[PDB]
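Below is one structure, written out as structure tokens; the observations come after it.
Taken together, the values in this text are just the output of simple stated rules run on the coordinates, not laboratory data. Note that each Cβ is placed from the backbone with ideal geometry, even for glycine, and that neighbours are counted across all protein chains shown.
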Amino acid sequence: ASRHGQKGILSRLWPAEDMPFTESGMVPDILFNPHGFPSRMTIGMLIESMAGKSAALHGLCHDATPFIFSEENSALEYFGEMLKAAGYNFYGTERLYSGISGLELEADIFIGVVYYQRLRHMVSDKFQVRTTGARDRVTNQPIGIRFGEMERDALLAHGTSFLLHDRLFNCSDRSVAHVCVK
Amino acid sequence: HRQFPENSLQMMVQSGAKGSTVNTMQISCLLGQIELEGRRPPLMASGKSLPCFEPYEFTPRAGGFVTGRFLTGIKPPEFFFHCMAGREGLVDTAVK
Amino acid sequence: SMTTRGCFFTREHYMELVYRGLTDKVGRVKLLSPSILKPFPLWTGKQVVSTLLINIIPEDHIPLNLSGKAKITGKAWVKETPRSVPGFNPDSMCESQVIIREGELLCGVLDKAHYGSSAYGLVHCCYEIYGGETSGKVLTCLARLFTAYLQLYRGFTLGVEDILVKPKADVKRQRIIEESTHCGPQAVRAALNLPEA
Amino acid sequence: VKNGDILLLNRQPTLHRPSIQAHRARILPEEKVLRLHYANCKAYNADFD
Amino acid sequence: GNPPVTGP
Amino acid sequence: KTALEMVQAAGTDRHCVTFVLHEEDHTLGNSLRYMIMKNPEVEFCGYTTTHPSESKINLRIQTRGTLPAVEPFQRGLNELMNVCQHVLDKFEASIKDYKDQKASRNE
Amino acid sequence: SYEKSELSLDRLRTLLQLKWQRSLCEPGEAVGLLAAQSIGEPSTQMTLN
Amino acid sequence: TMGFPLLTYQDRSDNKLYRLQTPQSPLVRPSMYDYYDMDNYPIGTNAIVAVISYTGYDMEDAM
Amino acid sequence: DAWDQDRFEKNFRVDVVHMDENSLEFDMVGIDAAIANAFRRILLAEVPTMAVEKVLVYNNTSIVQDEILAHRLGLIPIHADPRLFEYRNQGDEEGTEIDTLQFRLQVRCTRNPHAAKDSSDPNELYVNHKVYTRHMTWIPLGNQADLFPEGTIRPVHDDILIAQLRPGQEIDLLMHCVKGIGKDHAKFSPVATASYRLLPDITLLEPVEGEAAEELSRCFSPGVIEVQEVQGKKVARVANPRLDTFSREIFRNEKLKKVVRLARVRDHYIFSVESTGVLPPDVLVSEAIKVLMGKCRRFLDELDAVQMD
Amino acid sequence: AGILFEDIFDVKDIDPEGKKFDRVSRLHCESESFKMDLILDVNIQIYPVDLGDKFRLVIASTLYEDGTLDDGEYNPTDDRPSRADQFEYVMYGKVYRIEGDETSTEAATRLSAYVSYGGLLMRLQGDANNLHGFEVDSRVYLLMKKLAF
Amino acid sequence: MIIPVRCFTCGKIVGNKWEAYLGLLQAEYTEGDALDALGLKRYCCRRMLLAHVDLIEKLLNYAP
Ligand SMILES: [Zn+2]
């Protein structure tokens, strides 16, 4: 997560030579999607990115207290001028090359320093893979992964009577029975 | 500052990717009127909208007309009204 | 952004985009020809999507015609004030309307209206002509194409430069807000039928 | 299981007919999560989180 | 971005 | 134990073959793709990585004018070796002409 | 319209009528659970607002 | 957040203590973060975050 | 156009700008991005080094743990030449002279008797309370005492703070260096970061004069536009366009976004190879050029072994 | 000669509708030797056109001027000295609509031609006597060269 | 807890720059000059040493 309420899940550890390196030499550290913004409207991650980039470039620690920036002295005409003093772009956009190809990306990329965090809500570490499962005493069927009464409904909606006969009859609790046919 | 197609937010909004033409107006123009379960935010038991505002104050700022954006900043009354309008939706989802 | 009128690849990049779109298909990858032959061999971004369509429509089948509309309207491309051209409806040659003829993409911009979860588009028209394998390949191949145009040649970002406002069209905002703190009383005299004095 | 076999894929709540599908397996090495293409995570009503 | 000493 | 496979178009066509180069990535297959596209007997040379969890590249070489695609592949390998040997030579001869002006200037 | 126009009315009608015929619901459709779910999955989206 | 909980790990016997090796202080922070001395127990690490749609494994709340 | 080899042996030149210990900056004029990126991506992930892989603890009675200490030791650059050593063959925990190195970090911490009256400065109170990387005794094995001089197998920096101890608290571990490339684990990478940039050209399409030249000199990085007087007016000219950080600040200025044409020069890269000290940066670039060749040799050997005819 | 059309045009207006695509300019024109208009998109980085520039225009079916052969496949490695490339800016694309103001008659005296050059469009409206060879889905070349007088 | 041996982003040894950074800030440098004069020029390297809470001088007080 960040400090602006914007969770991510770690999807792919991308090798470092494949990352889009910048014109200063830097690779990034976390790539964030530009499609997490317009429905969530966290402008504060943009100002924190410009602000932390400009604080790591000057030895400063920048004041991010609420309600101190007005509309006549904005939070983007302040850190933009801090970055213009540090040589970089006014809008936080640095020219990135690529690493899967080798040449320059034509639309300049917003980069900066954002304080990420790490939630305890971890990966489940519960992969319930089942094969030759143990049978209980009453209803000797898997003790196991559950098919479910509502999934029967969807398989009947397909018209797949034999996938359903497989998962219900052939996999769980198949037995023979002897009947006096008279 | 940059229009469509150069604008990335207008490209995500107008090509159906994620946004809408309401979130971009809350970003770069006013937030507009705060409605709270259909109406303007509640006056107190003494007829003042919030402790900053005079009892029965005529100005639209008393009834939640925020008129400041997420770009430049929200002042604290226009923020308390906005938190009412957010807790209203989160409560009406979480209960029923 | 690819199928917009401004894209112009060269020969080494078109052949990389097409083979990022496709992958180890059992068959010769057939290619289009330049949209611009001289001063430089150039391939428009519509020709990459066209090359990708023809190469996953199967061998015996002929390609599909289509016509339709996109989600970007013609009012979204306008920058100046449109002078009225005398004998010319501006919508007849416009990027709102998608015109696919014989598989090649000849006009219009592809959007959610065509290759997303919106009906009567390209990846649904390839369901009710070709089948289920072909449409589920058009989704995969256009996905791999449209990502491997972002790894390699253009990036896509969001900054503090695309949500900002001009300094001249922000004084015409602080002369409306200054008018918007004076409309207190007159909305109550007409709400409670009092006179004006 | 090899790289053509069908696994039958289930996401709860199984509230309509495309809430169970038949996906061809593809054994990706060195991983411990399932993987889906993005077109599938609207029929399953999936949110990746 | 110093000028190269082993030049043309 | 070998680290190159060749997958024909139909078992008979030898112009199109998709070379499967095991234990590579975009380091070699982007510079092979640069050299083979400099061969005018190639209609199409492109590469793709199969899946990033895997460790091989697909390399489609598609030759016009009746050549097998082993010859533009071999020519594009030797023609990249002959780039790197020359880059190695002009780099080891400009490090040496820099050490022979750092030292023999005032010392 | 100055295009090819290889087809006429007698064959346009035939393709539309054979598309009507080929689109008949085939025997075994289990339409009852397709109409028990089309009023059972959008009846979970109906919150009270 | 998995952060730095406490300093006395030996004499405390909680069920689960989620410790983060090498936590940093935030370079951009409000003034209340120092009024309460939250650098005694910080929660996260800074990161050089780029906002790019470079890969394709990078959509729908993933990074 | 086809590949004229005598157009590459005529328009390629490496211009070394600045080389010292543990840094290098040079040009490569006339090479395309697909070979330059190959050199960059072999410097970062394919040029091999030596680095710590197994740690054998006994009495880590320290606050820095048994796990974080091992990971922290693995990220320490070891100044053994990689090319003298082989890959350790798989499934062999014990090593031999060819494959492994061994160190030993044995540090006890005990109270200081002398020079400790009514003070609290920690150097005066404790001995061995900062375990630095100069505490790593190289334990040579087999016959490695003859191949290498006394004091060459060594940690590179000798000032790296591994742990921090107190009295009673002890570290007694033994290490095993192995060989690997910077794709197996990134503790094996020999470069700080290797990166390239194109060379900018800034072109003044219009003669700037007077009060606009001093405005133009501050829109670029310090060093690019010099503003010098030519008969009463202050004209501006370009000077070292290499210094320009390409921040596009002149395109914010409306009067002067029409008097510059800020672009780049095609195939005029500027590398920068900073080593971590395991190898000098002029042998890292040569052993990055000599790995792309081996990747091209191995596949020609495979084709020679496949076809017999 | 496979010349489907040949005339001398004069740019009178540039992008009047105001859409302003990047790298592409829309060029409204009029003719000299015929009575026609022209609405063409160019590439403006490579071949720049300003208003007031006369240029000859040729739409041909084949580029081989020694007989109509109509190959179709693009070969960069083969160059024949019988190409029609004495012009400067050469495009390629197919005709997708032709339309006219017929009133229960055939091929009225104001016929159009809509050519899509990979995305860049074109409208060549004029007399039906000058637009014979335009059939729908015919893959034609565009050949233009700037005059200076 | 303790300074990392390498910077996270690019692998520069910054783990030897903690005592000779306290020594520069005790000798009255500003932090915008105690990082340039240690040779940390990129803002990922400066970040590691500017925003570092060395939380082992607080954790060794609880020692046997
Ligand atoms: Zn760094």
Is there any pair linking a residue in the range J:84-109 that is under 21 Å from C:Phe88 (Cβ atoms) and within 13 Å of chain C (Cβ to nearest Cβ) to one that is part of a loop (DSSP other than H, G, I, E, B) and among the aromatic types (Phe, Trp, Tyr), with Cβ under 7 Å and at least six apart or on different chains, and which? J:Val95/J:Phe134; J:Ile98/G:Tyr2; J:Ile98/J:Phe134
Just to confirm my filter: which strands (runs of 3 or more DSSP E) fall fully inside the range C:1-107 and include at least 2 residues that are within 7 Å of chain J (Cβ to nearest Cβ) and within 24 Å of C:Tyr120 (Cβ to Cβ)? C:99-101, C:104-107
Assigned to a helix (DSSP H, G or I), facing chain A (nearest Cβ under 9 Å) and within 14 Å of the ligand (Cβ to nearest atom), is that true of K:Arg42? no
Criterion violated by I:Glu97 - all others in (1) more than 16 Å from the ligand (Cβ to nearest atom); (2) touching a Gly at 6+ places or on another chain (Cβ under 6 Å); (3) closer than 21 Å to K:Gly15 by Cβ satisfied: (3)
Just one listed residue, out of K:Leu49, K:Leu24, is within 16 Å of the ligand (Cβ to nearest atom), more than 7 Å from every other protein chain (Cβ to nearest Cβ) and either part of a loop (DSSP other than H, G, I, E, B) or of a type outside the set (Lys, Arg) (or both), and it is K:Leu49
Considering D:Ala22, D:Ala46, which residue is under 27 Å from G:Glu41 (Cα atoms) and either facing another protein chain (nearest Cβ under 7 Å) or not in a loop (DSSP other than H, G, I, E, B) (or both)? D:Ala22
How many residues of the range K:27-39 are within 13 Å of chain A (Cβ to nearest Cβ) and either within 27 Å of I:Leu44 (Cβ to Cβ) or within 16 Å of the ligand (Cβ to nearest atom) (or both)? The answer is 3
Any chance the range K:56-64 includes a residue that's within 13 Å of the ligand (Cβ to nearest atom) and either of a type in the set (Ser, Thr, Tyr) or more than 17 Å from A:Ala86 (Cβ to Cβ) (or both)? no
Right, K:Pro4: away from the ligand (no atom under 12 Å from the Cβ) and in a loop (DSSP other than H, G, I, E, B) or not? no
Which numbered condition in (1) over 24 Å from I:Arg40 (Cβ atoms); (2) away from chain E (no Cβ under 14 Å) is the only one that I:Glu274 fails? (1)
Applying the selection to the range B:71-96, what residues are outside any helix (DSSP H, G or I) and surrounded by 18 or more Cβ atoms within 10 Å (Cβ to Cβ)? B:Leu71, B:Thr72, B:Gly73, B:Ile74
What are the residues in the range H:13-42 that are of a type in the set (A, V, I, L, M, F, W, C) and within 16 Å of K:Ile3 (Cα to Cα), if any? H:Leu20
For the range A:17-38, check the following and say yes or no: at least one residue is at the interface with chain K (Cβ under 10 Å from one of its Cβ atoms), of a type in the set (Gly, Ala, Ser) and in contact with a helix residue (DSSP H, G or I) (Cβ under 9 Å, 6 or more places away or on another chain). no
If you take the residues of the range K:7-18 that are more than 7 Å from every other protein chain (Cβ to nearest Cβ) and not β-branched (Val, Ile, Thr), which of them is farthest from the ligand (Cβ to nearest atom)? K:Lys17
Checking the condition small (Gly, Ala, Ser) and under 21 Å from I:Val306 (Cα atoms), which residue from F:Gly29, F:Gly65 passes? F:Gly29
Condition first: closer than 22 Å to J:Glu73 by Cβ, of a type in the set (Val, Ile, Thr) and touching a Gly at 6+ places or on another chain (Cβ under 9 Å). Can you find one or more residues in the range F:9-32 that meet it? no
Among the residues of the range I:171-201, which ones are more than 16 Å from the ligand (Cβ to nearest atom) and assigned to a loop (DSSP other than H, G, I, E, B)? I:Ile181, I:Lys183, I:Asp184, I:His185
How do the helices (runs of 4 or more DSSP H) wholly within chain F filter down when requiring 3 or more residues that are surrounded by fewer than 22 Cβ atoms within 10 Å (Cβ to Cβ), at the interface with another protein chain (Cβ under 7 Å from one of its Cβ atoms) and charged (D, E, K, R): which remain? F:70-92
Selection status of I:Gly294, over 25 Å from A:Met26 (Cα atoms) and either out of contact with any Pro (no Cβ under 8 Å at 6 or more places or on another chain) or among the hydrophobic types (A, V, I, L, M, F, W, C) (or both): yes
Do the conditions hold for C:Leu158, that is, is it under 20 Å from the mean Cα position of the chain (by Cα), hydrophobic (A, V, I, L, M, F, W, C) and in a loop (DSSP other than H, G, I, E, B)? yes
Is it the case that C:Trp43 is crowded, with 19+ Cβ neighbours inside 10 Å and in contact with a strand residue (DSSP E or B) (Cβ under 7 Å, 6 or more places away or on another chain)? yes
Of the residues in the range A:10-65, those that are part of a loop (DSSP other than H, G, I, E, B) and basic (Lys, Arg) come to A:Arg12, A:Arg40
I:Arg154 under 22 Å from I:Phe103 (Cα atoms) and either basic (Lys, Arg) or in contact with a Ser or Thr (Cβ under 6 Å, 6 or more places away or on another chain) (or both): yes
Looking at the range J:70-116, which of the residues that are within 28 Å of C:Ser92 (Cα to Cα), among the charged types (D, E, K, R) and more than 20 Å from the chain's Cα centre (by Cα) is surrounded by the fewest Cβ atoms within 10 Å (Cβ to Cβ)? J:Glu106
Quick one: count up the residues across the range H:33-63 that are assigned to a loop (DSSP other than H, G, I, E, B), surrounded by fewer than 20 Cβ atoms within 10 Å (Cβ to Cβ) and within 7 Å of chain A (Cβ to nearest Cβ). 4
For the range H:11-22, enumerate the residues that are more than 7 Å from every other protein chain (Cβ to nearest Cβ) and not aliphatic (A, V, I, L, M). H:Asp11, H:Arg12, H:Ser13, H:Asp14, H:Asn15, H:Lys16, H:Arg19
Output the residue which, of all residues in the range I:16-55 that are under 21 Å from F:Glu24 (Cβ atoms) and charged (D, E, K, R), is nearest to the other protein chains (Cβ to nearest Cβ). I:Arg41
